[PDB]
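Q: Dropping in my_file.cif, which is mmCIF, C-alpha atoms:
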data_protein
loop_
_atom_site.label_atom_id
_atom_site.label_comp_id
_atom_site.auth_asym_id
_atom_site.auth_seq_id
_atom_site.Cartn_x
_atom_site.Cartn_y
_atom_site.Cartn_z
CA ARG A 1 0.00 0.00 0.00
CA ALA A 2 2.32 2.76 1.29
CA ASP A 3 5.09 2.31 -1.34
CA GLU A 4 2.55 2.34 -4.25
CA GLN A 5 1.10 5.59 -2.85
CA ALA A 6 4.64 7.04 -2.41
CA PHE A 7 5.62 6.06 -6.01
CA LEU A 8 2.30 7.41 -7.40
CA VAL A 9 2.88 10.75 -5.56
CA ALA A 10 6.30 10.74 -7.31
CA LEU A 11 4.46 9.94 -10.60
CA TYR A 12 1.87 12.68 -9.76
CA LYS A 13 4.75 15.23 -9.66
CA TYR A 14 6.37 13.86 -12.86
CA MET A 15 3.03 13.63 -14.78
CA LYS A 16 2.00 17.18 -13.67
CA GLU A 17 5.41 18.21 -15.13
CA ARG A 18 4.20 16.37 -18.35
CA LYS A 19 0.84 18.33 -18.66
CA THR A 20 -1.02 15.18 -17.57
CA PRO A 21 -1.73 15.49 -13.76
CA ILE A 22 -4.07 13.16 -11.77
CA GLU A 23 -6.08 16.44 -11.61
CA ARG A 24 -7.37 15.36 -15.16
CA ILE A 25 -7.93 11.64 -14.15
CA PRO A 26 -10.98 11.80 -11.77
CA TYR A 27 -12.32 8.17 -11.58
CA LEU A 28 -11.52 4.39 -11.66
CA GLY A 29 -14.86 3.70 -13.39
CA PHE A 30 -17.60 3.73 -10.63
CA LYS A 31 -15.50 5.47 -7.89
CA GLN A 32 -12.41 7.77 -7.39
CA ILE A 33 -9.02 6.55 -8.78
CA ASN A 34 -7.61 3.79 -6.48
CA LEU A 35 -4.37 3.04 -8.42
CA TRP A 36 -2.48 0.71 -5.95
CA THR A 37 -5.59 -1.63 -6.01
CA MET A 38 -6.16 -1.70 -9.84
CA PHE A 39 -2.37 -2.27 -10.09
CA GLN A 40 -2.21 -5.32 -7.74
CA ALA A 41 -5.44 -6.57 -9.44
CA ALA A 42 -3.81 -6.27 -12.92
CA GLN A 43 -0.66 -8.02 -11.55
CA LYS A 44 -2.89 -10.96 -10.42
CA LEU A 45 -4.76 -10.98 -13.77
CA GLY A 46 -1.30 -11.23 -15.57
CA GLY A 47 0.03 -7.65 -15.76
CA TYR A 48 -0.89 -5.14 -18.48
CA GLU A 49 0.62 -7.67 -20.98
CA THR A 50 -1.90 -10.53 -20.40
CA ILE A 51 -4.51 -7.73 -20.18
CA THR A 52 -3.57 -6.51 -23.71
CA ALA A 53 -3.33 -10.08 -25.09
CA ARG A 54 -6.79 -11.09 -23.63
CA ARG A 55 -8.89 -7.95 -22.67
CA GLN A 56 -8.70 -9.27 -19.12
CA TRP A 57 -10.06 -5.99 -17.52
CA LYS A 58 -13.44 -7.81 -17.19
CA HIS A 59 -11.64 -9.97 -14.54
CA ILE A 60 -9.88 -6.90 -12.99
CA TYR A 61 -13.53 -5.76 -12.42
CA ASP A 62 -13.86 -9.19 -10.71
CA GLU A 63 -10.94 -8.43 -8.31
CA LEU A 64 -12.33 -4.82 -7.85
CA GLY A 65 -15.74 -6.29 -6.89
CA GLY A 66 -17.13 -3.24 -8.75
CA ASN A 67 -20.64 -1.70 -8.93
CA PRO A 68 -23.50 -3.93 -10.41
CA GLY A 69 -24.08 -1.60 -13.42
CA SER A 70 -20.58 -0.43 -14.49
CA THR A 71 -19.32 -2.83 -17.25
CA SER A 72 -17.60 0.36 -18.61
CA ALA A 73 -15.39 0.27 -15.46
CA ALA A 74 -12.07 -1.65 -15.86
CA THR A 75 -12.56 -1.20 -19.69
CA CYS A 76 -12.28 2.64 -19.47
CA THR A 77 -9.71 2.08 -16.66
CA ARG A 78 -7.29 0.77 -19.39
CA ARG A 79 -7.04 4.37 -20.63
CA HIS A 80 -6.13 5.64 -17.13
CA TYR A 81 -3.61 2.76 -16.43
CA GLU A 82 -1.71 3.41 -19.73
CA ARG A 83 -0.75 6.87 -18.34
CA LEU A 84 -0.97 6.30 -14.55
CA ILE A 85 1.27 3.22 -14.00
CA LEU A 86 2.22 1.73 -17.43
CA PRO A 87 5.05 4.43 -17.49
CA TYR A 88 6.12 3.60 -13.83
CA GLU A 89 5.95 -0.28 -13.69
CA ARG A 90 8.92 0.28 -16.07
CA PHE A 91 11.15 0.45 -12.91
CA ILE A 92 9.60 -2.82 -11.53
CA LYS A 93 9.97 -4.72 -14.84
CA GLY A 94 13.37 -3.21 -15.78
CA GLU A 95 15.22 -2.89 -12.38
CA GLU A 96 13.64 -5.48 -9.97
CA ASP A 97 11.83 -8.42 -11.74
CA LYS A 98 15.05 -9.33 -13.68
CA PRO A 99 17.06 -12.46 -12.56
CA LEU A 100 20.27 -10.30 -12.61
CA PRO A 101 21.49 -6.63 -12.65
CA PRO A 102 22.49 -5.12 -16.09
CA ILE A 103 26.18 -4.81 -14.95
CA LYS A 104 26.71 -8.61 -15.38
CA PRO A 105 26.32 -11.16 -18.29
CA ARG A 106 25.08 -13.91 -15.83
CA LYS A 107 23.82 -14.41 -12.22
#
What's the structure tokens form of this structure?

A:
Amino acid sequence: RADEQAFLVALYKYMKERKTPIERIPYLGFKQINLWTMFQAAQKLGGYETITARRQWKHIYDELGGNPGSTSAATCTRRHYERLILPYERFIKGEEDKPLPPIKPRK
């Protein structure tokens, strides 16, 4: 929880410096933005990559337990995620998930 919020406050500063603040991203799909939760939901449903290969947001809505009348939620949420953590999971998938650091050819 706390580290996702810290790294999305760091993104909030960087994205406001890119003319794209959270101040123009008002909702998840039935509620306020709740990024750390749609993130760990997407990471259970296979990251943004299985999501793009399968349109798996209908099962992110399953992990969200979202409102019974908001099939547009999770599906519109793709357009928020592609600017609100797709640019920042780049540090997780480029400098933590790897089996080795870049300064070596092997483990």

Q: I'd like the neighbourhood of residue 40 in chain A as a ChimeraX atom specification, where a residue qualifies if any of its atoms comes within 12 Å (using all atoms listed in the file), though same-chain residues fewer than 3 positions away should be ignored.

A: /A:1,4,34-37,43-48,60,63-64,81,85,89

Q: If we count all atoms listed in the file and set the cut-off at 10 Å, which residues sit around residue 8 in chain A, ignoring sequence neighbours fewer than 5 positions away in its own chain? Please answer as a list in words.

A: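 Result of the neighbour search: residues 2, 3, 13, 14, 15, 22, 35, 36, 84, 85 and 88 of chain A.
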
Q: For residue 73 in chain A, work out the shell of residues within 12 Å, counting all atoms listed in the file and skipping chain neighbours fewer than 4 positions away, then give it as number ranges by chain.

A: A: 27-33, 38, 57-62, 64-69, 77-80

Q: Mind dumping the selected residues with C-alpha atoms as a PDB file, in the coordinates of the input?

A:
ATOM      1  CA  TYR A  27     -12.320   8.170 -11.580  1.00  0.00           C
ATOM      2  CA  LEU A  28     -11.520   4.390 -11.660  1.00  0.00           C
ATOM      3  CA  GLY A  29     -14.860   3.700 -13.390  1.00  0.00           C
ATOM      4  CA  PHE A  30     -17.600   3.730 -10.630  1.00  0.00           C
ATOM      5  CA  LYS A  31     -15.500   5.470  -7.890  1.00  0.00           C
ATOM      6  CA  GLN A  32     -12.410   7.770  -7.390  1.00  0.00           C
ATOM      7  CA  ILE A  33      -9.020   6.550  -8.780  1.00  0.00           C
ATOM      8  CA  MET A  38      -6.160  -1.700  -9.840  1.00  0.00           C
ATOM      9  CA  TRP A  57     -10.060  -5.990 -17.520  1.00  0.00           C
ATOM     10  CA  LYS A  58     -13.440  -7.810 -17.190  1.00  0.00           C
ATOM     11  CA  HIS A  59     -11.640  -9.970 -14.540  1.00  0.00           C
ATOM     12  CA  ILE A  60      -9.880  -6.900 -12.990  1.00  0.00           C
ATOM     13  CA  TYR A  61     -13.530  -5.760 -12.420  1.00  0.00           C
ATOM     14  CA  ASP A  62     -13.860  -9.190 -10.710  1.00  0.00           C
ATOM     15  CA  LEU A  64     -12.330  -4.820  -7.850  1.00  0.00           C
ATOM     16  CA  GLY A  65     -15.740  -6.290  -6.890  1.00  0.00           C
ATOM     17  CA  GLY A  66     -17.130  -3.240  -8.750  1.00  0.00           C
ATOM     18  CA  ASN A  67     -20.640  -1.700  -8.930  1.00  0.00           C
ATOM     19  CA  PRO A  68     -23.500  -3.930 -10.410  1.00  0.00           C
ATOM     20  CA  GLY A  69     -24.080  -1.600 -13.420  1.00  0.00           C
ATOM     21  CA  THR A  77      -9.710   2.080 -16.660  1.00  0.00           C
ATOM     22  CA  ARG A  78      -7.290   0.770 -19.390  1.00  0.00           C
ATOM     23  CA  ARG A  79      -7.040   4.370 -20.630  1.00  0.00           C
ATOM     24  CA  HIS A  80      -6.130   5.640 -17.130  1.00  0.00           C
TER      25      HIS A  80
END

Q: Would you list the residues near (11.0, 7.6, -9.5) (no more than 8 Å away, in the coordinates of the file, using only C-alpha atoms) as a PDB file with C-alpha atoms, in the frame of the given file?

A:
ATOM      1  CA  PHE A   7       5.620   6.060  -6.010  1.00  0.00           C
ATOM      2  CA  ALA A  10       6.300  10.740  -7.310  1.00  0.00           C
ATOM      3  CA  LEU A  11       4.460   9.940 -10.600  1.00  0.00           C
ATOM      4  CA  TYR A  88       6.120   3.600 -13.830  1.00  0.00           C
ATOM      5  CA  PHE A  91      11.150   0.450 -12.910  1.00  0.00           C
TER       6      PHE A  91
END

Q: Using Å and a single decimal, report how far CA of residue 83 in chain A sits from CA of residue 26 in chain A.

A: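 Separating CA of residue 26 in chain A from CA of residue 83 in chain A is a distance of 13.1 Å.
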
Q: For residue 74 in chain A, which residue among A:86, A:103, A:6, A:42 is the nearest when counting all atoms listed in the file?

A: A:42

Q: My list of candidates is A:105, A:55, A:39, A:92. Which is closest to residue 5 in chain A when distances are computed with only C-alpha atoms?

A: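 Looking at the shortest contact to residue 5 in chain A, the residue is A:39.
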
Q: Please, what distance in Å, to one decimal, runs between CA of residue 75 in chain A and CA of residue 56 in chain A?

A: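 Result for CA of residue 75 in chain A versus CA of residue 56 in chain A: 9.0 Å, one decimal.
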
Q: Could you please determine the separation between CA of residue 54 in chain A and CA of residue 41 in chain A in Å, to one decimal place?

A: 15.0 Å

Q: Nearest residue to residue 49 in chain A out of A:82, A:101, A:106, A:18, using all atoms listed in the file?

A: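 When distances to residue 49 in chain A are compared using all atoms listed in the file, the smallest one comes from A:82.
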
Q: Taking all atoms of range 33-42 of chain A that the file lists, what box with edges along x, y and z, padded by 8 Å per side, do you get, with centre and edge lengths in Å to one decimal, as JSON?

A:
{"center_x": -5.6, "center_y": 0.0, "center_z": -9.4, "size_x": 22.8, "size_y": 29.1, "size_z": 23.0}

Q: Output: range 81-98 of chain A of the preceding structure, restricted to N, CA, C and O atoms, written as an mmCIF file, in the first residue's frame.

A:
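In the end it all went to result_2.cif:
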data_model
loop_
_atom_site.group_PDB
_atom_site.id
_atom_site.type_symbol
_atom_site.label_atom_id
_atom_site.label_comp_id
_atom_site.auth_asym_id
_atom_site.auth_seq_id
_atom_site.Cartn_x
_atom_site.Cartn_y
_atom_site.Cartn_z
ATOM 1 N N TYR A 81 -4.807 3.569 -16.736
ATOM 2 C CA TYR A 81 -3.614 2.763 -16.428
ATOM 3 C C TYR A 81 -2.452 3.017 -17.400
ATOM 4 O O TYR A 81 -1.300 3.105 -16.969
ATOM 5 N N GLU A 82 -2.734 3.217 -18.697
ATOM 6 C CA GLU A 82 -1.712 3.413 -19.727
ATOM 7 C C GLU A 82 -0.999 4.770 -19.618
ATOM 8 O O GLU A 82 -0.031 5.014 -20.342
ATOM 9 N N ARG A 83 -1.462 5.640 -18.703
ATOM 10 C CA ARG A 83 -0.746 6.870 -18.341
ATOM 11 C C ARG A 83 -0.460 7.013 -16.841
ATOM 12 O O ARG A 83 0.276 7.922 -16.464
ATOM 13 N N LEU A 84 -0.995 6.119 -16.000
ATOM 14 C CA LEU A 84 -0.973 6.303 -14.546
ATOM 15 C C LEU A 84 -0.145 5.228 -13.821
ATOM 16 O O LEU A 84 0.142 5.378 -12.638
ATOM 17 N N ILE A 85 0.269 4.169 -14.525
ATOM 18 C CA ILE A 85 1.272 3.225 -13.998
ATOM 19 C C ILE A 85 2.000 2.424 -15.076
ATOM 20 O O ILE A 85 3.135 2.034 -14.833
ATOM 21 N N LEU A 86 1.455 2.260 -16.288
ATOM 22 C CA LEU A 86 2.219 1.734 -17.427
ATOM 23 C C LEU A 86 3.594 2.432 -17.622
ATOM 24 O O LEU A 86 4.577 1.719 -17.848
ATOM 25 N N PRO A 87 3.734 3.773 -17.469
ATOM 26 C CA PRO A 87 5.049 4.425 -17.487
ATOM 27 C C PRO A 87 5.911 4.213 -16.224
ATOM 28 O O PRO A 87 7.116 4.461 -16.301
ATOM 29 N N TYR A 88 5.355 3.758 -15.087
ATOM 30 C CA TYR A 88 6.120 3.599 -13.834
ATOM 31 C C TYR A 88 6.410 2.137 -13.449
ATOM 32 O O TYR A 88 7.493 1.868 -12.936
ATOM 33 N N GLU A 89 5.577 1.150 -13.809
ATOM 34 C CA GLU A 89 5.955 -0.279 -13.695
ATOM 35 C C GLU A 89 7.238 -0.607 -14.497
ATOM 36 O O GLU A 89 7.898 -1.615 -14.247
ATOM 37 N N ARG A 90 7.623 0.314 -15.393
ATOM 38 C CA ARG A 90 8.924 0.276 -16.075
ATOM 39 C C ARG A 90 10.125 0.134 -15.121
ATOM 40 O O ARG A 90 11.068 -0.573 -15.474
ATOM 41 N N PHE A 91 10.098 0.710 -13.907
ATOM 42 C CA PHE A 91 11.155 0.451 -12.907
ATOM 43 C C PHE A 91 11.032 -0.935 -12.244
ATOM 44 O O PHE A 91 12.046 -1.532 -11.882
ATOM 45 N N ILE A 92 9.816 -1.487 -12.136
ATOM 46 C CA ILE A 92 9.602 -2.819 -11.532
ATOM 47 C C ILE A 92 10.062 -3.909 -12.509
ATOM 48 O O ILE A 92 10.734 -4.866 -12.131
ATOM 49 N N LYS A 93 9.745 -3.716 -13.791
ATOM 50 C CA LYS A 93 9.970 -4.724 -14.836
ATOM 51 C C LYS A 93 11.318 -4.560 -15.555
ATOM 52 O O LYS A 93 11.688 -5.393 -16.382
ATOM 53 N N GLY A 94 12.056 -3.503 -15.201
ATOM 54 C CA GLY A 94 13.372 -3.213 -15.777
ATOM 55 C C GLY A 94 14.507 -3.173 -14.748
ATOM 56 O O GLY A 94 15.666 -3.310 -15.141
ATOM 57 N N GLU A 95 14.208 -3.026 -13.447
ATOM 58 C CA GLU A 95 15.220 -2.892 -12.378
ATOM 59 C C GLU A 95 14.857 -3.616 -11.061
ATOM 60 O O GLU A 95 15.383 -3.291 -9.993
ATOM 61 N N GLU A 96 13.985 -4.628 -11.123
ATOM 62 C CA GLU A 96 13.644 -5.484 -9.970
ATOM 63 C C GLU A 96 13.208 -6.919 -10.342
ATOM 64 O O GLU A 96 13.704 -7.880 -9.749
ATOM 65 N N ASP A 97 12.319 -7.087 -11.328
ATOM 66 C CA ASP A 97 11.833 -8.421 -11.739
ATOM 67 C C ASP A 97 12.884 -9.278 -12.486
ATOM 68 O O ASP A 97 12.740 -10.501 -12.595
ATOM 69 N N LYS A 98 13.949 -8.635 -12.989
ATOM 70 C CA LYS A 98 15.045 -9.332 -13.684
ATOM 71 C C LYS A 98 15.773 -10.343 -12.770
ATOM 72 O O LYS A 98 15.976 -10.053 -11.587
#
